[PDB]
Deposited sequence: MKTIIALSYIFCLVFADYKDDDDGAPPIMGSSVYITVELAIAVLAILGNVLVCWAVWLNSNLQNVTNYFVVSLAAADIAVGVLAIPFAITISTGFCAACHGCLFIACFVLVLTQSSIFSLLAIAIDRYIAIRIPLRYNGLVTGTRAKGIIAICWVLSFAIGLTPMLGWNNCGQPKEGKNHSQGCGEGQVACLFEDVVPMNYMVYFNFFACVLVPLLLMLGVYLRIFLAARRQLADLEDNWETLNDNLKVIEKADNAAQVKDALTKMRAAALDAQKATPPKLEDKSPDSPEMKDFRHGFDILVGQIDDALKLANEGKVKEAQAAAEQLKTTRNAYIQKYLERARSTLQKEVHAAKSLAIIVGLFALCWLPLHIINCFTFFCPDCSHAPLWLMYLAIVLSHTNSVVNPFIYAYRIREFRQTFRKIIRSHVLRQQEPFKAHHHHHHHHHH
C-alpha cells in the first residue's frame, strides 16, 4: 500500500485546480450581470444566486473537502459543519434551478401577466427564503441526526484524538440514512424530477402555441380560397364567420393592433355585403384582406414564431444546466445508495470515492461555459469584460 500522501497530493492538487476555475468563471457571470442591463432580469437573479453558490464551492467547500480528507482530530460538531456545508450549497443550487424552471414556465404560459407577477422584489425574497431553507436542510445533521453519539473509538484512539473529538471522516459522522433518504431522495431527486416535469411542460406549451399560430394562419388562407370559388352569398358568409373568429382569437403593439383592426373591419365589410346577398361585392371585399395579410398579419406571425423559438432555445440551454448538475452529483449519490442498501457489497474503493467527489465539484466550473456557448448576451458581455480588462 503506497504512502497515502501520494494519492492525497493528486487529490488536493485537482481540488485546488477546480476551485480556481469555479471562482473565475462564476465571478465572470456575476460581473456580466452587474455590467449589462440586458442581463438584469428576474431569471438572471437566480443565475447569480446559483453562481454565488458555485463561488462558495471554490472558496469554502473545497478547502473543507481537502480538510476532511485528512481524518484530522476534531470536535464532532465542528467536523459535521465541515462535512455538511457543501450540502447547503448544493441545496441552494437545487432551489435556484427549480426557480429558473418555474420562472420560464410562467413566462411561456402567461406572458402578459409575467412582469406583474414575477418581480425583482419578489425574486429577492424567494432567494433569501431559499438560502435560509438550504442552511436548515444541509445542516440537519448538526441538529442531532448524526453519528457523534456512536464514535469509532478504535480509530479515535489510534489517531490520538482528545475528549469530545473524533477522527473527522465523512462516513463516520454523517449518517447514511440521512444521505440517502433525506438528502438524496427527498431534497435532490424529488426536485430534479419536478424540474424535468416543468421543462416538459414548457416544451409542450411552446409546441401547442406554435401549432395554434400555424392553424390560425392556415384557417385564414384556406377560407380566403373558400370565398374565392364560392357560388353563393351563404358560402361566402360561412367562410367569413370562421375567419372573424380566427382573427379575433389570434388578436388575443401599435402596428400589430392596427393590422388586426383593419383585418376585422375588412371581414365585417365583406360579411355585411354577404348578408345583403351581394356575392361578387363580398368576394371583391374579401380579396382586400390579402393586402392586410401581406402587410401586417404575416409580420406578426413571423415575430410570434420567432419569440417562441427563442424561448424553446433558452429553455434547452437552462435544461442542459440541470442535466449537467444531475450528471455531476448522481455518481456520489448512487455510491451512497450502494453503501447503505448493500451491506454485503464491498465498499466502493477510495480512488472512486475521490473521483466522485471531484466530479461533484467540477459542476461548479461548467455553468459559465454553458452560458458562453448557448446565450449570446452572456457571450458578448464576457468578450467585452475580457478584452477590456484581462
What portions of the deposited sequence, indexed from 1, have no corresponding C-alpha atom in the structure?
1-23, 276-290, 429-447
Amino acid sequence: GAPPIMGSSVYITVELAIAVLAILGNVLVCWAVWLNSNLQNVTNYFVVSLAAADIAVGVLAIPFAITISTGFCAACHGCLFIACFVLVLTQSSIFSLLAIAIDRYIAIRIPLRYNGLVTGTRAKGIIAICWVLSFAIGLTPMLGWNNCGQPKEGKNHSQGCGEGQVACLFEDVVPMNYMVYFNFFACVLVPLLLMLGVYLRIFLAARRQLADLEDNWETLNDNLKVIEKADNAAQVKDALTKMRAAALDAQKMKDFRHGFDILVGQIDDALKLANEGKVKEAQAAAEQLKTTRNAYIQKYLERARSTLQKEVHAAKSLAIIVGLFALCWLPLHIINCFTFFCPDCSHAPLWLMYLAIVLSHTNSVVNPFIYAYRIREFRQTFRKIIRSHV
From here on, numbers count along this sequence of modelled residues.
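Just so we're on the same page, rigid core means the largest C-alpha set that superposes within 1.5 Å between forms.
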Rigid core superposition, C-alpha RMS per stretch in 8 other deposited structures of this protein: which comes out larger, 255-263 or 98-106?
255-263
Average Cα temperature factor in the PDB entry - higher stretch of 190-198, 230-238
230-238
On mean C-alpha B-factor from the PDB entry, just flag whether 75-83 or 157-165 is the higher one.
157-165
Per the entry's Cα B factor values, which of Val180, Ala314, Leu308, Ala211 stands out as the maximum?
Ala211
Among the candidates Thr292, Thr119, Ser134, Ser96, give the one with the maximum CA B-factor reported in the record.
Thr292
Pull the Cα B-factor of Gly265 out of the PDB entry and bin it into the chain's lowest, middle or highest third.
highest
Quick check on the deposited entry: does the C-alpha B-factor of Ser92 sit in the lowest, middle or highest third of its chain?
lowest
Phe256 by Cα B-factor - lowest, middle or highest third of the modelled chain:
highest
Comparing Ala246 with the other modelled residues of its chain, is its CA B-factor in the lowest, middle or highest third?
highest
Ranking the modelled residues of this chain by C-alpha B-factor as given in the entry, is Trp217 in the lowest, middle or highest third?
highest
